[PDB]
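>>> Fold the stuff below for me.
(2 chains)
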Amino acid sequence: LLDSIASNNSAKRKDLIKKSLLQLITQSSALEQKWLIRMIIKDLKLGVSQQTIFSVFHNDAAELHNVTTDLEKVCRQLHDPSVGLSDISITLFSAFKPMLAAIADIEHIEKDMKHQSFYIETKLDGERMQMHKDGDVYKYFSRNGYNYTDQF
DNA sequence: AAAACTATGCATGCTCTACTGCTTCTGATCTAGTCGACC
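Numbers count the residues shown, from 1 in each chain, chains lettered A, B, ... in the order given. Next up is the structure itself:
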């Protein structure tokens, strides 16, 4: 039902969205409808961190989610708790969580660089993107893993 | 010369086809607000 509603919103159709929501309402209880509303809004407020959920799911799941950024692969590969992954590293056509930068104090900057020469670069204002190229197959991914390939 | 039959013009009713006014449906435009994702 959620897939139908999302695709149908993407297709510029509202009568079908109304039908799907009506079916969900008619075939749900008050608590189920409340939870469904929370998932639609994309907030649950469970009080438990996503990192905790991933850790309980498998020993090495946060790293795999960072490298891949797709709940399907993490859920599929990490099924048997005993069986782990030998080596996890960036792979083609799979979004990876970008590496960010933290505030720095000009006074102790040299100390933060272990008293060694460093690189100074200009700050760029705009979107953060990553490009995957294999032959003439191109994929573009945004900061959080959304696919912007259609635009570019 | 008188009576009977028939012709034609007009009255009456009915039915059918333009034209004007009122009400309601549809389309096009504008204005206001909502949702996505990022920073």
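>>> count of residues packed around residue A:58?
Close neighbours of residue A:58, defined as other C-beta atoms under 10 Å, add up to 19. All C-beta spots, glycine's among them, are computed from the backbone N, C-alpha and C.
>>> With residue A:61 instead?
Residue A:61: 19 surrounding residues under other C-beta under 10 Å.
>>> same question, residue A:56
By the criterion of other C-beta under 10 Å, residue A:56 has 11 neighbours.
>>> do you know how far residue A:108 is from residue A:146?
37 Å (C-beta to C-beta, to the nearest Å).
>>> What of residue A:76?
From residue A:76 across to residue A:146, the span is 21 Å (C-beta to C-beta).
>>> Relative to DNA strand B, how far out is residue A:87?
Residue A:87 is 28 Å from DNA strand B, where distance means C-beta to the nearest atom of the strand, to the nearest Å.
>>> sorry, that was for residue A:142
Going from residue A:142 to DNA strand B by C-beta to the nearest atom of the strand gives 4 Å.
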